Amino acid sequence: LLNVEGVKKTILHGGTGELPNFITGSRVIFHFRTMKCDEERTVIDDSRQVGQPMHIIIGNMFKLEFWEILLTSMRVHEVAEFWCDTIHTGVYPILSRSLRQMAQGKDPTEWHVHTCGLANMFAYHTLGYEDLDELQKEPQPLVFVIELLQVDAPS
């Protein structure tokens, strides 16, 4: 449980080793599920449900994006639960939208999608999914459960 404020880690399955080489430009490979902190612990996104593990790449190790903070605190095969206070979760709807887009084999590269995406948002005032929309308009803490599967060093 490393400290960074508004964030509570809880390691579930300890996972093996000596903390990987989280070098800028390493490729982090993982599954995650994200849930509300309600009674049902409602799921919102679950990479296992979409059938495949998520992948990010480390922009800069000295300037970590918030998700990288979480990932970088984990060993391979570790399974941890991260509670995150409302201050960190404002963006998640926009993230999720970007993930669900990626989930159908299309990239903000493709530029229709980046352009046409923004067009829909502005015109209709929606990220394109009710849950994400409800959640947008109802700020909230969340729980992420992440399973780190792999870290690979740069090309």
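Counting begins at 1, following the sequence as shown.
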Practice task
Take the C-alpha B-factors listed in the entry for 113 to 121 and for 86 to 94, compute each mean, and give the stretch with the larger one.
Solution key: 113 to 121
Practice task
Going by the average Cα B-factor in the PDB entry, point out whether 38 to 46 or 104 to 112 comes out higher.
Solution key: 104 to 112
Handout entry: Chain third (lowest, middle, highest) by recorded CA B-factor, residue given as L142
Key = middle
Problem - Lowest, middle or highest third - CA B-factor, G59 - result: middle
